[PDB]
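A.B. asks: One file is attached below, structure-v3.txt, containing compact mmCIF, N, CA and C atoms.
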# COMPACT_ATOMS: atom_id res chain seq x y z
N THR N 1 1.26 25.50 -7.44
CA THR N 1 -0.06 25.44 -8.12
C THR N 1 0.05 24.74 -9.48
N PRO N 2 -0.89 23.83 -9.79
CA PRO N 2 -0.90 23.09 -11.06
C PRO N 2 -1.31 23.96 -12.25
N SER N 3 -2.22 24.90 -12.00
CA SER N 3 -2.72 25.81 -13.04
C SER N 3 -3.36 25.05 -14.20
N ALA N 4 -3.87 25.79 -15.19
CA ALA N 4 -4.51 25.20 -16.35
C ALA N 4 -4.17 25.97 -17.63
N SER N 5 -3.18 25.47 -18.37
CA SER N 5 -2.75 26.11 -19.61
C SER N 5 -3.78 25.89 -20.72
N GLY N 6 -3.90 24.64 -21.17
CA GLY N 6 -4.85 24.31 -22.23
C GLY N 6 -5.18 22.83 -22.28
N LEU N 7 -5.45 22.23 -21.12
CA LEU N 7 -5.77 20.81 -21.04
C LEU N 7 -7.19 20.60 -20.52
N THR N 8 -7.99 19.84 -21.27
CA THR N 8 -9.37 19.56 -20.88
C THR N 8 -9.72 18.09 -21.10
N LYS N 9 -9.55 17.62 -22.34
CA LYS N 9 -9.84 16.23 -22.69
C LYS N 9 -8.63 15.34 -22.46
N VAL N 10 -8.87 14.16 -21.90
CA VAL N 10 -7.79 13.20 -21.63
C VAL N 10 -7.52 12.31 -22.84
N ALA N 11 -6.23 12.09 -23.12
CA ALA N 11 -5.83 11.26 -24.26
C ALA N 11 -6.13 9.78 -24.00
N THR N 12 -6.80 9.14 -24.96
CA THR N 12 -7.15 7.73 -24.85
C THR N 12 -6.19 6.85 -25.64
N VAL N 13 -5.78 5.73 -25.04
CA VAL N 13 -4.86 4.80 -25.68
C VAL N 13 -5.59 3.89 -26.67
N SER N 14 -5.08 3.82 -27.90
CA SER N 14 -5.67 3.00 -28.95
C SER N 14 -7.06 3.50 -29.33
N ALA N 15 -8.08 3.13 -28.55
CA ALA N 15 -9.45 3.55 -28.82
C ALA N 15 -10.40 3.04 -27.74
N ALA N 16 -11.25 3.93 -27.24
CA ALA N 16 -12.21 3.58 -26.20
C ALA N 16 -13.28 4.66 -26.05
N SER N 17 -14.44 4.43 -26.67
CA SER N 17 -15.55 5.38 -26.62
C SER N 17 -16.10 5.49 -25.20
N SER N 18 -15.80 6.61 -24.53
CA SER N 18 -16.26 6.83 -23.16
C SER N 18 -17.26 7.99 -23.10
N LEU N 19 -18.55 7.65 -23.13
CA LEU N 19 -19.61 8.66 -23.07
C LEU N 19 -19.98 8.97 -21.61
N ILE N 20 -19.76 8.01 -20.72
CA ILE N 20 -20.06 8.18 -19.30
C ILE N 20 -18.90 7.72 -18.43
N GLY N 21 -18.61 8.48 -17.38
CA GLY N 21 -17.52 8.13 -16.48
C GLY N 21 -17.87 8.34 -15.02
N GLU N 22 -17.35 7.46 -14.18
CA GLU N 22 -17.59 7.53 -12.74
C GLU N 22 -16.40 8.15 -12.02
N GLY N 23 -16.69 8.85 -10.93
CA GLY N 23 -15.64 9.49 -10.15
C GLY N 23 -14.79 8.50 -9.37
N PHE N 24 -13.99 7.71 -10.09
CA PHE N 24 -13.12 6.72 -9.47
C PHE N 24 -12.01 7.39 -8.66
N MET N 25 -11.53 8.54 -9.14
CA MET N 25 -10.47 9.28 -8.46
C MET N 25 -10.89 9.69 -7.04
N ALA N 26 -12.20 9.78 -6.81
CA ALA N 26 -12.73 10.16 -5.50
C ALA N 26 -12.51 9.06 -4.45
N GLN N 27 -12.07 7.87 -4.89
CA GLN N 27 -11.82 6.76 -3.98
C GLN N 27 -10.41 6.81 -3.37
N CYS N 28 -9.71 7.94 -3.55
CA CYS N 28 -8.36 8.10 -3.02
C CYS N 28 -7.38 7.13 -3.67
N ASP N 29 -7.41 7.07 -5.00
CA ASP N 29 -6.52 6.19 -5.75
C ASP N 29 -5.81 6.96 -6.86
N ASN N 30 -4.53 7.27 -6.65
CA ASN N 30 -3.75 8.01 -7.64
C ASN N 30 -3.31 7.08 -8.78
N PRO N 31 -3.08 7.65 -9.98
CA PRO N 31 -2.65 6.87 -11.15
C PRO N 31 -1.29 6.22 -10.94
N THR N 32 -1.24 4.90 -11.09
CA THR N 32 0.00 4.16 -10.90
C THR N 32 0.55 3.65 -12.23
N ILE N 33 1.49 4.40 -12.79
CA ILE N 33 2.14 4.06 -14.05
C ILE N 33 3.47 3.38 -13.81
N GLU N 34 4.00 2.74 -14.85
CA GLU N 34 5.28 2.06 -14.73
C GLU N 34 6.39 3.06 -14.39
N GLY N 35 6.87 2.99 -13.14
CA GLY N 35 7.92 3.88 -12.68
C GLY N 35 9.20 3.14 -12.34
N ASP N 36 9.89 3.60 -11.30
CA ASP N 36 11.13 2.97 -10.87
C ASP N 36 10.92 2.20 -9.56
N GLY N 37 9.79 1.49 -9.46
CA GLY N 37 9.49 0.73 -8.27
C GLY N 37 10.29 -0.57 -8.20
N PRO N 38 10.17 -1.32 -7.08
CA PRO N 38 10.89 -2.58 -6.91
C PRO N 38 10.39 -3.67 -7.85
N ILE N 39 11.01 -3.77 -9.02
CA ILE N 39 10.62 -4.76 -10.02
C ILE N 39 10.99 -6.17 -9.56
N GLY N 40 10.25 -7.16 -10.06
CA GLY N 40 10.50 -8.54 -9.70
C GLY N 40 10.38 -8.78 -8.20
N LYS N 41 9.64 -7.92 -7.51
CA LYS N 41 9.46 -8.04 -6.06
C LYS N 41 7.99 -8.02 -5.67
N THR N 42 7.59 -8.98 -4.83
CA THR N 42 6.20 -9.08 -4.36
C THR N 42 6.13 -8.85 -2.85
N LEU N 43 5.05 -8.19 -2.41
CA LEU N 43 4.86 -7.92 -0.98
C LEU N 43 3.67 -8.71 -0.43
N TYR N 44 3.83 -9.25 0.77
CA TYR N 44 2.77 -10.04 1.41
C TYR N 44 2.46 -9.51 2.81
N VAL N 45 1.20 -9.13 3.02
CA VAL N 45 0.76 -8.60 4.31
C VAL N 45 -0.21 -9.57 5.00
N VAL N 46 -0.01 -9.76 6.31
CA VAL N 46 -0.86 -10.66 7.08
C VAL N 46 -1.41 -9.97 8.33
N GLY N 47 -2.74 -9.90 8.43
CA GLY N 47 -3.38 -9.27 9.58
C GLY N 47 -3.77 -10.27 10.65
N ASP N 48 -3.61 -9.88 11.92
CA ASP N 48 -3.95 -10.75 13.04
C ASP N 48 -4.39 -9.95 14.26
N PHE N 49 -5.64 -10.16 14.67
CA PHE N 49 -6.21 -9.48 15.83
C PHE N 49 -7.62 -9.99 16.11
N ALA N 50 -8.56 -9.65 15.23
CA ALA N 50 -9.95 -10.07 15.39
C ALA N 50 -10.34 -11.12 14.35
N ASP N 51 -9.68 -11.10 13.19
CA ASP N 51 -9.97 -12.05 12.12
C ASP N 51 -8.82 -13.04 11.93
N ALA N 52 -7.68 -12.57 11.41
CA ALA N 52 -6.51 -13.42 11.17
C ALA N 52 -6.70 -14.19 9.87
N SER N 53 -7.41 -13.56 8.93
CA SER N 53 -7.69 -14.16 7.63
C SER N 53 -6.40 -14.42 6.84
N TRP N 54 -5.45 -13.48 6.92
CA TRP N 54 -4.18 -13.61 6.21
C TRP N 54 -4.41 -13.74 4.70
N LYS N 55 -5.25 -12.87 4.15
CA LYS N 55 -5.56 -12.89 2.72
C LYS N 55 -4.70 -11.88 1.95
N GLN N 56 -4.23 -12.30 0.77
CA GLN N 56 -3.42 -11.44 -0.08
C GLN N 56 -3.72 -11.72 -1.55
N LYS N 57 -4.65 -10.94 -2.12
CA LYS N 57 -5.04 -11.11 -3.52
C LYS N 57 -3.85 -10.85 -4.45
N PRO N 58 -3.65 -11.71 -5.47
CA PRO N 58 -2.54 -11.57 -6.42
C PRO N 58 -2.68 -10.33 -7.31
N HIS N 59 -3.92 -10.02 -7.71
CA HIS N 59 -4.19 -8.86 -8.56
C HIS N 59 -3.75 -7.56 -7.88
N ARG N 60 -3.72 -7.56 -6.54
CA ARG N 60 -3.31 -6.38 -5.77
C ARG N 60 -2.17 -6.72 -4.81
N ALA N 61 -1.50 -7.86 -5.05
CA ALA N 61 -0.39 -8.29 -4.20
C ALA N 61 0.81 -7.35 -4.32
N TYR N 62 0.89 -6.63 -5.44
CA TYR N 62 1.99 -5.69 -5.66
C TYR N 62 1.67 -4.71 -6.80
N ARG N 63 1.39 -3.46 -6.43
CA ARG N 63 1.08 -2.42 -7.41
C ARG N 63 2.26 -1.47 -7.56
N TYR N 64 2.64 -1.21 -8.81
CA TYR N 64 3.77 -0.33 -9.10
C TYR N 64 3.34 1.12 -9.28
N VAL N 65 3.85 1.99 -8.42
CA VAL N 65 3.56 3.41 -8.50
C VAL N 65 4.64 4.11 -9.31
N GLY N 66 4.26 4.68 -10.45
CA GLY N 66 5.22 5.35 -11.31
C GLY N 66 5.81 6.58 -10.66
N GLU N 67 6.79 6.36 -9.79
CA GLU N 67 7.46 7.45 -9.06
C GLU N 67 8.36 6.91 -7.94
N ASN N 68 8.96 5.73 -8.14
CA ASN N 68 9.81 5.11 -7.12
C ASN N 68 9.00 4.83 -5.85
N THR N 69 7.67 4.72 -6.00
CA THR N 69 6.77 4.47 -4.88
C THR N 69 6.08 3.12 -5.01
N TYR N 70 5.67 2.56 -3.87
CA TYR N 70 4.99 1.27 -3.83
C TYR N 70 3.60 1.42 -3.21
N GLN N 71 2.62 0.73 -3.78
CA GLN N 71 1.25 0.78 -3.27
C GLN N 71 0.62 -0.60 -3.24
N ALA N 72 -0.13 -0.88 -2.17
CA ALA N 72 -0.79 -2.17 -2.01
C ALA N 72 -2.08 -2.03 -1.19
N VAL N 73 -3.22 -2.23 -1.84
CA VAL N 73 -4.52 -2.13 -1.16
C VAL N 73 -4.76 -3.35 -0.28
N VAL N 74 -5.13 -3.11 0.98
CA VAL N 74 -5.37 -4.20 1.93
C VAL N 74 -6.69 -4.03 2.67
N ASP N 75 -7.40 -5.15 2.86
CA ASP N 75 -8.69 -5.16 3.56
C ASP N 75 -8.59 -5.93 4.88
N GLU N 76 -8.88 -5.24 5.99
CA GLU N 76 -8.81 -5.86 7.32
C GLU N 76 -10.00 -5.45 8.20
N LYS N 77 -10.17 -6.17 9.32
CA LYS N 77 -11.26 -5.90 10.26
C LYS N 77 -11.16 -4.50 10.86
N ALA N 78 -12.19 -4.11 11.62
CA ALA N 78 -12.24 -2.79 12.25
C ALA N 78 -12.09 -2.86 13.76
N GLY N 79 -11.39 -1.87 14.32
CA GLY N 79 -11.20 -1.80 15.76
C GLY N 79 -9.99 -2.58 16.24
N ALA N 80 -8.85 -1.89 16.31
CA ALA N 80 -7.60 -2.49 16.77
C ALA N 80 -7.21 -3.71 15.93
N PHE N 81 -6.27 -3.53 15.01
CA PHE N 81 -5.81 -4.61 14.15
C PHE N 81 -4.30 -4.52 13.92
N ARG N 82 -3.62 -5.67 14.01
CA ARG N 82 -2.18 -5.73 13.81
C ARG N 82 -1.85 -6.45 12.50
N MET N 83 -0.79 -6.01 11.83
CA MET N 83 -0.39 -6.61 10.56
C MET N 83 1.12 -6.53 10.36
N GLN N 84 1.63 -7.37 9.45
CA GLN N 84 3.06 -7.41 9.15
C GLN N 84 3.30 -7.61 7.65
N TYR N 85 4.43 -7.11 7.16
CA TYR N 85 4.79 -7.25 5.74
C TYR N 85 6.08 -8.04 5.58
N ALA N 86 6.07 -9.01 4.67
CA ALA N 86 7.25 -9.84 4.41
C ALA N 86 7.12 -10.59 3.09
N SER N 87 8.27 -10.88 2.47
CA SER N 87 8.29 -11.60 1.20
C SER N 87 8.38 -13.11 1.42
N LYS N 88 8.36 -13.87 0.32
CA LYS N 88 8.43 -15.33 0.40
C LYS N 88 9.88 -15.81 0.43
N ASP N 89 10.77 -15.11 -0.28
CA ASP N 89 12.18 -15.48 -0.33
C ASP N 89 13.00 -14.66 0.67
N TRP N 90 12.42 -14.40 1.86
CA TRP N 90 13.10 -13.63 2.90
C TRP N 90 13.65 -12.31 2.34
N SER N 91 12.87 -11.67 1.48
CA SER N 91 13.27 -10.40 0.87
C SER N 91 12.89 -9.22 1.78
N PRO N 92 13.24 -7.98 1.38
CA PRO N 92 12.94 -6.78 2.17
C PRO N 92 11.51 -6.77 2.72
N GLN N 93 11.40 -6.80 4.05
CA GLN N 93 10.10 -6.80 4.72
C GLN N 93 9.86 -5.49 5.46
N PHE N 94 8.74 -5.42 6.19
CA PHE N 94 8.38 -4.23 6.96
C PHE N 94 8.13 -4.61 8.42
N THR N 95 8.79 -3.90 9.33
CA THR N 95 8.65 -4.16 10.76
C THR N 95 8.53 -2.85 11.54
N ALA N 96 7.34 -2.61 12.10
CA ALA N 96 7.11 -1.39 12.87
C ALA N 96 7.31 -1.63 14.37
N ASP N 97 8.54 -1.46 14.82
CA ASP N 97 8.88 -1.66 16.23
C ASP N 97 8.43 -0.47 17.08
N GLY N 98 7.39 -0.68 17.88
CA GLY N 98 6.88 0.38 18.73
C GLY N 98 6.44 1.60 17.93
N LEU N 99 5.97 1.36 16.70
CA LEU N 99 5.53 2.44 15.82
C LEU N 99 4.07 2.81 16.10
N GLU N 100 3.19 1.81 16.10
CA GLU N 100 1.76 2.03 16.34
C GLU N 100 1.21 3.02 15.32
N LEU N 101 0.81 2.48 14.17
CA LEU N 101 0.28 3.29 13.08
C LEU N 101 -1.16 3.71 13.35
N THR N 102 -1.50 4.90 12.87
CA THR N 102 -2.85 5.45 13.04
C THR N 102 -3.39 5.93 11.70
N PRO N 103 -4.72 5.94 11.52
CA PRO N 103 -5.36 6.38 10.27
C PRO N 103 -4.77 7.69 9.75
N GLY N 104 -4.05 7.61 8.64
CA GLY N 104 -3.43 8.79 8.05
C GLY N 104 -2.10 9.14 8.70
N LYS N 105 -1.35 8.12 9.11
CA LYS N 105 -0.06 8.32 9.76
C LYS N 105 1.04 7.53 9.05
N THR N 106 2.26 8.06 9.10
CA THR N 106 3.41 7.41 8.47
C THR N 106 4.03 6.36 9.39
N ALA N 107 4.52 5.28 8.79
CA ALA N 107 5.15 4.19 9.54
C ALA N 107 6.60 3.99 9.12
N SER N 108 7.42 3.54 10.06
CA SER N 108 8.84 3.30 9.81
C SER N 108 9.04 1.97 9.07
N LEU N 109 9.83 2.01 8.00
CA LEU N 109 10.11 0.81 7.21
C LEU N 109 11.39 0.13 7.69
N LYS N 110 11.22 -0.91 8.50
CA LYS N 110 12.36 -1.66 9.04
C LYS N 110 12.48 -3.03 8.37
N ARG N 111 13.19 -3.96 9.01
CA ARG N 111 13.38 -5.30 8.46
C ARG N 111 13.35 -6.36 9.56
N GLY N 112 13.21 -7.62 9.15
CA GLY N 112 13.16 -8.72 10.11
C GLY N 112 11.76 -9.27 10.27
N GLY N 113 11.60 -10.57 10.03
CA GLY N 113 10.29 -11.20 10.15
C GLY N 113 10.02 -11.73 11.55
N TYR N 114 10.23 -10.89 12.56
CA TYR N 114 10.00 -11.28 13.95
C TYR N 114 10.13 -10.09 14.91
N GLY N 115 9.64 -8.92 14.47
CA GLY N 115 9.71 -7.73 15.30
C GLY N 115 8.40 -7.43 16.01
N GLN N 116 8.03 -6.15 16.05
CA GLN N 116 6.79 -5.73 16.70
C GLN N 116 5.69 -5.45 15.66
N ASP N 117 4.47 -5.85 15.99
CA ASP N 117 3.33 -5.65 15.09
C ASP N 117 2.80 -4.22 15.19
N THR N 118 2.25 -3.73 14.08
CA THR N 118 1.70 -2.37 14.03
C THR N 118 0.19 -2.39 14.24
N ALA N 119 -0.26 -1.81 15.36
CA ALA N 119 -1.68 -1.76 15.68
C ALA N 119 -2.30 -0.43 15.26
N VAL N 120 -3.40 -0.51 14.52
CA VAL N 120 -4.10 0.69 14.04
C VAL N 120 -5.51 0.77 14.62
N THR N 121 -5.85 1.94 15.15
CA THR N 121 -7.17 2.16 15.74
C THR N 121 -8.15 2.71 14.70
N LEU N 122 -8.95 1.82 14.12
CA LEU N 122 -9.93 2.21 13.11
C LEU N 122 -11.30 1.61 13.43
N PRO N 123 -12.25 2.45 13.91
CA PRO N 123 -13.61 2.00 14.26
C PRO N 123 -14.49 1.67 13.04
N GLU N 124 -13.88 1.66 11.85
CA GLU N 124 -14.61 1.36 10.62
C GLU N 124 -13.92 0.26 9.81
N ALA N 125 -14.69 -0.72 9.35
CA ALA N 125 -14.15 -1.83 8.57
C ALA N 125 -14.04 -1.47 7.09
N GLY N 126 -12.97 -1.94 6.45
CA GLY N 126 -12.77 -1.66 5.04
C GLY N 126 -11.33 -1.84 4.60
N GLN N 127 -11.05 -1.50 3.35
CA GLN N 127 -9.70 -1.62 2.81
C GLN N 127 -9.04 -0.26 2.66
N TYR N 128 -7.79 -0.16 3.10
CA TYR N 128 -7.03 1.08 3.01
C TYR N 128 -5.89 0.94 2.01
N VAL N 129 -5.38 2.08 1.54
CA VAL N 129 -4.29 2.07 0.57
C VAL N 129 -2.97 2.52 1.20
N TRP N 130 -1.95 1.68 1.07
CA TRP N 130 -0.63 1.97 1.61
C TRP N 130 0.28 2.59 0.55
N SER N 131 0.61 3.86 0.73
CA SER N 131 1.49 4.56 -0.21
C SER N 131 2.83 4.84 0.46
N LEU N 132 3.92 4.40 -0.16
CA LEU N 132 5.24 4.59 0.42
C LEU N 132 6.31 4.75 -0.66
N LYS N 133 7.29 5.60 -0.39
CA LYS N 133 8.38 5.84 -1.33
C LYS N 133 9.67 5.22 -0.82
N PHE N 134 10.39 4.53 -1.70
CA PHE N 134 11.64 3.89 -1.34
C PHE N 134 12.82 4.56 -2.02
N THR N 135 13.94 4.62 -1.31
CA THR N 135 15.16 5.23 -1.82
C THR N 135 15.77 4.42 -2.97
N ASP N 136 16.68 5.05 -3.71
CA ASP N 136 17.36 4.40 -4.82
C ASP N 136 18.69 3.80 -4.37
N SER N 137 19.41 4.52 -3.51
CA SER N 137 20.70 4.06 -3.00
C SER N 137 20.53 3.04 -1.88
N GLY N 138 19.41 3.12 -1.17
CA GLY N 138 19.14 2.18 -0.09
C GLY N 138 19.41 2.75 1.29
N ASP N 139 19.15 4.04 1.48
CA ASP N 139 19.37 4.68 2.78
C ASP N 139 18.05 5.10 3.43
N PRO N 140 17.40 6.18 2.93
CA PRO N 140 16.13 6.67 3.50
C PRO N 140 14.91 5.84 3.04
N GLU N 141 13.94 5.68 3.94
CA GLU N 141 12.72 4.92 3.63
C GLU N 141 11.57 5.33 4.55
N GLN N 142 10.48 5.81 3.95
CA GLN N 142 9.31 6.24 4.72
C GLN N 142 8.03 5.61 4.17
N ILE N 143 7.07 5.35 5.07
CA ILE N 143 5.80 4.75 4.69
C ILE N 143 4.63 5.64 5.13
N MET N 144 3.55 5.63 4.34
CA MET N 144 2.36 6.43 4.65
C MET N 144 1.09 5.69 4.25
N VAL N 145 0.10 5.66 5.14
CA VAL N 145 -1.16 4.99 4.85
C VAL N 145 -2.35 5.77 5.41
N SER N 146 -3.43 5.81 4.63
CA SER N 146 -4.65 6.51 5.02
C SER N 146 -5.88 5.70 4.64
N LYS N 147 -7.00 5.98 5.31
CA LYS N 147 -8.26 5.28 5.04
C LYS N 147 -9.20 6.14 4.20
N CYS N 148 -9.81 5.53 3.18
CA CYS N 148 -10.73 6.24 2.30
C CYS N 148 -12.13 5.64 2.39
N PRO N 149 -13.12 6.44 2.85
CA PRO N 149 -14.51 5.99 2.98
C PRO N 149 -15.20 5.80 1.63
For the structure just supplied, provide its representation as structure tokens.
C.D. replies:
Amino acid sequence: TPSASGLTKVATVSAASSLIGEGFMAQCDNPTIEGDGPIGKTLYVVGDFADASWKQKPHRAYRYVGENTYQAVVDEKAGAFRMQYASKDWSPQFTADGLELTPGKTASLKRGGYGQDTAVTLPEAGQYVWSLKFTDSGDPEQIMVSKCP
């Protein structure tokens, strides 16, 4: 349990008069501070099924989660869609061999830019957030993704 000792007002950096605020946290987006994530590393995801747009915005091409975790918001079509993750300099990629990811399911983090595509059954179009934690020594690796309406 988080409990509540004596915290109510949030500390503001430098200065920012905030009289009104929107429930941004309700969009399923946790605070991503500078942590121990993969620095100097960019991730590229390409979807192919109904659209095949292969779009990857730079502003969200690589988000650092302050907790040895990686996050990247992606927008794809609805109803059976396959996607793959890979870098430009043949760096650590993602390959879901016979994984078949589902809304709110964890995916196996493998390697190789020529494996099996991950198909997700989502009858609703939109962008989902991929949250995954990576090991420090380079042994264990798990991925998790869910859809937020």
A.B. asks: Please report the interatomic distance between atom C of residue 68 of chain N and atom N of residue 8 of chain N in Å with one decimal.
C.D. replies: 27.4 Å
A.B. asks: Of the candidates N:47, N:35, N:113, N:104, which one gets nearest to residue 83 of chain N if we count all atoms listed in the file?
C.D. replies: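 Using all atoms listed in the file, the shortest distance to residue 83 of chain N belongs to N:47.
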A.B. asks: So the first atom is atom CA of residue 124 of chain N and the second is atom N of residue 75 of chain N; what is the distance between them in Å, to one decimal place?
C.D. replies: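 Rounded to one decimal, the two atoms are 12.4 Å apart.
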A.B. asks: From a DSSP pass on the backbone, collect the residues of chain N flagged as strand (DSSP E or B) and hand them back as a ChimeraX atom specification.
C.D. replies: /N:44-48,63-65,69-76,81-86,94,105-108,118-120,126-134,141-146
A.B. asks: What's the 8 Å shell around residue 111 of chain N, counting all atoms listed in the file, without same-chain residues fewer than 6 positions away, as a PDB file with N, CA and C atoms, in the frame of the given file?
C.D. replies:
ATOM      1  N   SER N  91      12.870 -11.670   1.480  1.00  0.00           N
ATOM      2  CA  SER N  91      13.270 -10.400   0.870  1.00  0.00           C
ATOM      3  C   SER N  91      12.890  -9.220   1.780  1.00  0.00           C
ATOM      4  N   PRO N  92      13.240  -7.980   1.380  1.00  0.00           N
ATOM      5  CA  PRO N  92      12.940  -6.780   2.170  1.00  0.00           C
ATOM      6  C   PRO N  92      11.510  -6.770   2.720  1.00  0.00           C
ATOM      7  N   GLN N  93      11.400  -6.800   4.050  1.00  0.00           N
ATOM      8  CA  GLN N  93      10.100  -6.800   4.720  1.00  0.00           C
ATOM      9  C   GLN N  93       9.860  -5.490   5.460  1.00  0.00           C
ATOM     10  N   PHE N  94       8.740  -5.420   6.190  1.00  0.00           N
ATOM     11  CA  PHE N  94       8.380  -4.230   6.960  1.00  0.00           C
ATOM     12  C   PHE N  94       8.130  -4.610   8.420  1.00  0.00           C
ATOM     13  N   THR N  95       8.790  -3.900   9.330  1.00  0.00           N
ATOM     14  CA  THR N  95       8.650  -4.160  10.760  1.00  0.00           C
ATOM     15  C   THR N  95       8.530  -2.850  11.540  1.00  0.00           C
ATOM     16  N   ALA N  96       7.340  -2.610  12.100  1.00  0.00           N
ATOM     17  CA  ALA N  96       7.110  -1.390  12.870  1.00  0.00           C
ATOM     18  C   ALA N  96       7.310  -1.630  14.370  1.00  0.00           C
ATOM     19  N   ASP N  97       8.540  -1.460  14.820  1.00  0.00           N
ATOM     20  CA  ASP N  97       8.880  -1.660  16.230  1.00  0.00           C
ATOM     21  C   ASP N  97       8.430  -0.470  17.080  1.00  0.00           C
TER      22      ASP N  97
END
A.B. asks: Among chain N, which residues carry a DSSP assignment of helix (DSSP H, G or I), reported as a list in words?
C.D. replies: residues 24, 25, 26, 27, 58, 59 and 60 of chain N
A.B. asks: Please identify all polymer residues within 6.5 Å of residue 127 of chain N, counting all atoms listed in the file, omitting same-chain residues fewer than 5 positions from it, and present them as number ranges by chain.
C.D. replies: N: 73-76, 147-148
A.B. asks: Could you save the residues just selected, with N, CA and C atoms, as a PDB file, keeping the file's coordinate frame?
C.D. replies:
ATOM      1  N   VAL N  73      -3.220  -2.230  -1.840  1.00  0.00           N
ATOM      2  CA  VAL N  73      -4.520  -2.130  -1.160  1.00  0.00           C
ATOM      3  C   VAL N  73      -4.760  -3.350  -0.280  1.00  0.00           C
ATOM      4  N   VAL N  74      -5.130  -3.110   0.980  1.00  0.00           N
ATOM      5  CA  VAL N  74      -5.370  -4.200   1.930  1.00  0.00           C
ATOM      6  C   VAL N  74      -6.690  -4.030   2.670  1.00  0.00           C
ATOM      7  N   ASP N  75      -7.400  -5.150   2.860  1.00  0.00           N
ATOM      8  CA  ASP N  75      -8.690  -5.160   3.560  1.00  0.00           C
ATOM      9  C   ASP N  75      -8.590  -5.930   4.880  1.00  0.00           C
ATOM     10  N   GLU N  76      -8.880  -5.240   5.990  1.00  0.00           N
ATOM     11  CA  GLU N  76      -8.810  -5.860   7.320  1.00  0.00           C
ATOM     12  C   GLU N  76     -10.000  -5.450   8.200  1.00  0.00           C
ATOM     13  N   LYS N 147      -7.000   5.980   5.310  1.00  0.00           N
ATOM     14  CA  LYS N 147      -8.260   5.280   5.040  1.00  0.00           C
ATOM     15  C   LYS N 147      -9.200   6.140   4.200  1.00  0.00           C
ATOM     16  N   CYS N 148      -9.810   5.530   3.180  1.00  0.00           N
ATOM     17  CA  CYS N 148     -10.730   6.240   2.300  1.00  0.00           C
ATOM     18  C   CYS N 148     -12.130   5.640   2.390  1.00  0.00           C
TER      19      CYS N 148
END
A.B. asks: Take the point (1.4, 0.5, 17.6) in the file's coordinates, draw a sphere of radius 6.5 Å around it, and report as a PyMOL selection string every protein, DNA or RNA residue with an atom inside or on it, counting only N, CA and C atoms.
C.D. replies: chain N and resi 98-101+117-120
A.B. asks: Mind pulling up the distance from atom CA of residue 49 of chain N to atom CA of residue 77 of chain N?
C.D. replies: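 According to the coordinates, atom CA of residue 77 of chain N and atom CA of residue 49 of chain N are separated by 8.3 Å.
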A.B. asks: Of the candidates N:125, N:15, N:50, N:144, which shows the shortest atom-to-atom distance to residue 105 of chain N, using only C-alpha atoms?
C.D. replies: N:144
A.B. asks: Looking at all atoms listed in the file, which of N:132, N:107, N:3, N:145 is the one that sits closest to residue 71 of chain N?
C.D. replies: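 Checking each candidate against residue 71 of chain N, we get N:132 as the closest.
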A.B. asks: Counting only C-alpha atoms, which of N:108, N:17, N:146, N:141 gets nearest to residue 72 of chain N?
C.D. replies: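 Selected residue with least distance to residue 72 of chain N: N:146.
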A.B. asks: Applying 6 Å and all atoms listed in the file, which residues near residue 42 of chain N remain after dropping the ones on its own chain fewer than 6 positions away? List them as a PDB file with N, CA and C atoms, in the coordinates of the input.
C.D. replies:
ATOM      1  N   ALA N  61      -1.500  -7.860  -5.050  1.00  0.00           N
ATOM      2  CA  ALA N  61      -0.390  -8.290  -4.200  1.00  0.00           C
ATOM      3  C   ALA N  61       0.810  -7.350  -4.320  1.00  0.00           C
ATOM      4  N   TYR N  62       0.890  -6.630  -5.440  1.00  0.00           N
ATOM      5  CA  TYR N  62       1.990  -5.690  -5.660  1.00  0.00           C
ATOM      6  C   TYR N  62       1.670  -4.710  -6.800  1.00  0.00           C
ATOM      7  N   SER N  87       8.270 -10.880   2.470  1.00  0.00           N
ATOM      8  CA  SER N  87       8.290 -11.600   1.200  1.00  0.00           C
ATOM      9  C   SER N  87       8.380 -13.110   1.420  1.00  0.00           C
TER      10      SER N  87
END
A.B. asks: Point out the residue among N:53, N:18, N:84, N:5 with the least atom-to-atom distance to residue 115 of chain N, counting only C-alpha atoms.
C.D. replies: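 Ranking N:53, N:18, N:84, N:5 by distance to residue 115 of chain N, first place goes to N:84.
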A.B. asks: Enclose segment 9-20 of chain N, meaning all of its atoms listed in the file, in a box aligned along x, y and z, pad it by 5 Å on each side, and list the centre and edge lengths in Å to one decimal, as AutoDock Vina command-line options.
C.D. replies:
--center_x -12.5 --center_y 10.3 --center_z -23.9 --size_x 25.2 --size_y 24.6 --size_z 20.9
A.B. asks: Taking 3 positions as the minimum chain separation for residues in the same chain, which residues sit within 7 Å of segment 26-34 of chain N when counting only N, CA and C atoms? Answer as a list in words.
C.D. replies: residues 22, 23, 37, 63, 64, 65, 66, 67, 148 and 149 of chain N
A.B. asks: So which one's closest to residue 48 of chain N, N:80, N:114, N:134, N:86? Using only N, CA and C atoms, please.
C.D. replies: N:80
